[PDB]
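Here's the letter readout for the chains.
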Amino acid sequence: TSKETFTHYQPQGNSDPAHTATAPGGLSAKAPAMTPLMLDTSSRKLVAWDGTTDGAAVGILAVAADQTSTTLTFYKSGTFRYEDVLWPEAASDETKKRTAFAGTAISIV
């Protein structure tokens with residue numbers, strides 16, 4: 001419990017001391033946590049990963065979310081457990097998902 005601050009709120013500027021991202025939510029259905037997700041380019045929203053799109057995974061959802069989620073809290077980087085991460089069946093090749101975070105600061109094993 002601690003809230004004390006007052007400054008000219010500005011829509012241009014966002015930074016958190018944590019190592020996670022918080023999107024305004026833009027899913028289309030309910031999805032469990034501990035899984036990779038994809039970030040839109042135009043709508044700039046965070047939605048569950050398709051499973052096919054190569055290099056679509058941008059981060060892993062920390063807490064399960066749904067299309068009704070107004071805010072999604074997913075990771076940004078760090079070594080995560082693949083044996084636990086619930087990858088989408090769409091992934092026909094094991095190497096496909098294992099390399100879904102190609103380009104980001106995320107490294108899964």
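Conventions used here
- Residues numbered from 1 in each chain as written, not as in the entry; some residues may be left out.
- Heavy atoms only, no water.
- Salt bridge = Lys/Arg side-chain N within 4 Å of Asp/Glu carboxyl O.
- Buried < 20%, exposed > 50% of the residue type's maximum accessible area, 1.4 Å probe, protein only.
- Helix = DSSP H or I, 4+ residues; strand = E, 2+ residues; numbered from the N terminus.

Structure determination for this PDB entry was carried out by solution NMR, as recorded in the header.

A. Seen up close, the pattern of salt bridges. Per the counting criterion, the structure on display carries 2 salt bridges. Between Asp 40 and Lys 45 there is a salt bridge; the shortest N-O distance is 3.7 Å. Among the residues examined, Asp 40 registers a relative accessible area of 27% and is labelled partly exposed. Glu 94 is paired through a salt bridge with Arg 98; the nearest N and O atoms lie 3.5 Å apart. In this pair, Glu 94 and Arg 98 are both assigned in helix 1 (residues 94-98), 4 residues apart and thus about one turn of the helix distant.

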